[PDB]
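Heads up: the structure comes next, in structure tokens.
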Amino acid sequence: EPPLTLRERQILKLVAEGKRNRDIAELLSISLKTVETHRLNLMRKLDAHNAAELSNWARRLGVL
Amino acid sequence: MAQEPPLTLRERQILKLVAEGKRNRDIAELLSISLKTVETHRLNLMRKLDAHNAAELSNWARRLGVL
């Protein structure tokens with residue numbers, strides 16, 4: 001349910017398959033630095049989503 | 001990586017009885033114990049459930065790298 005761009009979804013798809021940052025850069029014809037920026041943004045959205053989820057469960061369970 | 005003491009047989013009994021819509025007085029009569037004892041068991045039971053639940057969420061927070 002986390003909001004991702006299509007480009008982030010694509011990189012997420014490629015990361016989940018097992019591709020390396022250098023493979024992704026070739027596949028999408030973008031610079032390596034761009035890939036990493038995308039992956040950092042991706043990893044922060046995921047973490048934020050995970051934290052929000054766990055936080056909502058803590059409130060539902062009345063703990064922490 | 002966190003572990004909690006499970007509910008006792010007596011605590012599981014009260015829990016089952018509460019889940020079946022029994023009031024504290026009903027339970028006290030059924031088990032012939034004091035009302036204060038039933039309430040104390042219910043308080044200990046909820047404290048253990050909270051701790052199980054808090055450890056579960058903390059474990060997942062650790063596994064997922066959050067906070």
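Identifiers in this document derive from the order of the structure tokens: chains are assigned A, B, ..., residues are numbered from 1 separately in each chain, and ligands are numbered from 1 in order of occurrence.
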
Name all residues at most 10 Å from residue 13 (chain B) (count only C-alpha atoms; drop same-chain ones fewer than 6 positions away) and give them as a list in words.
-> residues 7, 19, 27 and 31 of chain B

Considering only C-alpha atoms, extract the chain A residues located within 12 Å of chain B and return them as a CSV table (one decimal) with N, CA and C atoms, in the first residue's frame.
```
chain,number,residue,atom,x,y,z
A,43,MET,N,14.2,2.5,-0.4
A,43,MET,CA,14.5,1.9,0.9
A,43,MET,C,13.9,2.8,2.1
A,44,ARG,N,13.8,4.1,1.9
A,44,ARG,CA,13.2,5.0,2.9
A,44,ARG,C,11.7,4.9,2.8
A,45,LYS,N,11.1,4.7,1.6
A,45,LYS,CA,9.7,4.6,1.6
A,45,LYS,C,9.2,3.4,2.3
A,46,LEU,N,10.0,2.3,2.1
A,46,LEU,CA,9.6,1.0,2.6
A,46,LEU,C,9.7,1.0,4.1
A,47,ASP,N,10.8,1.5,4.6
A,47,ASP,CA,11.0,1.6,6.0
A,47,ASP,C,9.9,2.4,6.7
A,48,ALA,N,9.6,3.5,6.0
A,48,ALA,CA,8.6,4.4,6.6
A,48,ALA,C,7.2,3.7,6.6
A,49,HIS,N,7.0,2.9,5.6
A,49,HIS,CA,5.7,2.1,5.5
A,49,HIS,C,5.7,1.1,6.6
A,50,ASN,N,6.9,0.3,6.8
A,50,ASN,CA,7.0,-0.7,7.8
A,50,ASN,C,6.8,-0.1,9.3
A,51,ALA,N,7.5,1.0,9.5
A,51,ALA,CA,7.4,1.7,10.8
A,51,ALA,C,5.9,2.2,11.1
A,52,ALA,N,5.3,2.8,10.1
A,52,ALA,CA,3.9,3.2,10.2
A,52,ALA,C,3.0,2.0,10.5
A,53,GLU,N,3.2,0.9,9.8
A,53,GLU,CA,2.4,-0.4,10.0
A,53,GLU,C,2.6,-0.9,11.5
A,54,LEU,N,3.8,-1.0,11.9
A,54,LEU,CA,4.1,-1.5,13.3
A,54,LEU,C,3.6,-0.6,14.4
A,55,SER,N,3.7,0.7,14.1
A,55,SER,CA,3.1,1.8,14.9
A,55,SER,C,1.6,1.7,15.1
A,56,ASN,N,1.0,1.4,14.0
A,56,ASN,CA,-0.5,1.3,14.0
A,56,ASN,C,-0.9,0.0,14.7
A,57,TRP,N,-0.1,-1.1,14.6
A,57,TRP,CA,-0.4,-2.3,15.4
A,57,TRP,C,-0.1,-2.1,16.9
A,58,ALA,N,0.9,-1.3,17.2
A,58,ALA,CA,1.1,-1.0,18.6
A,58,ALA,C,-0.1,-0.3,19.3
A,59,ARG,N,-0.7,0.6,18.5
A,59,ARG,CA,-1.8,1.3,19.0
A,59,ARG,C,-3.1,0.4,19.1
A,60,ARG,N,-3.3,-0.5,18.1
A,60,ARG,CA,-4.3,-1.4,18.1
A,60,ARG,C,-4.2,-2.5,19.2
A,61,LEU,N,-3.0,-2.8,19.6
A,61,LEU,CA,-2.8,-3.8,20.7
A,61,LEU,C,-2.6,-3.1,22.0
A,62,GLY,N,-2.6,-1.8,22.0
A,62,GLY,CA,-2.5,-1.0,23.2
A,62,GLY,C,-1.1,-1.2,24.0
A,63,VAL,N,-0.1,-1.4,23.2
A,63,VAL,CA,1.3,-1.6,23.8
A,63,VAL,C,2.3,-0.5,23.4
A,64,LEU,N,3.4,-0.5,24.1
A,64,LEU,CA,4.6,0.3,23.8
A,64,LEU,C,4.3,1.8,23.9
```

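Note that the spacing between CA of residue 48 (chain B) and CA of residue 4 (chain B) amounts to 7.8 Å.
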
Expressed in Å, the length from CA of residue 44 (chain B) to CA of residue 15 (chain B) is 10.9 Å

Quick one: residues within 9 Å of residue 4 (chain A), only C-alpha atoms counted, chain neighbours fewer than 3 positions away excluded, as a ChimeraX atom specification?
-> /A:1,7-9,42,45

DSSP alpha helix (DSSP H) selection over chain B, as a PyMOL selection string = chain B and resi 9-19+24-30+35-63

d(CA of residue 33 (chain B), CA of residue 5 (chain B)) in Å =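 Spanning CA of residue 33 (chain B) to CA of residue 5 (chain B) is a straight-line distance of 24.0 Å.
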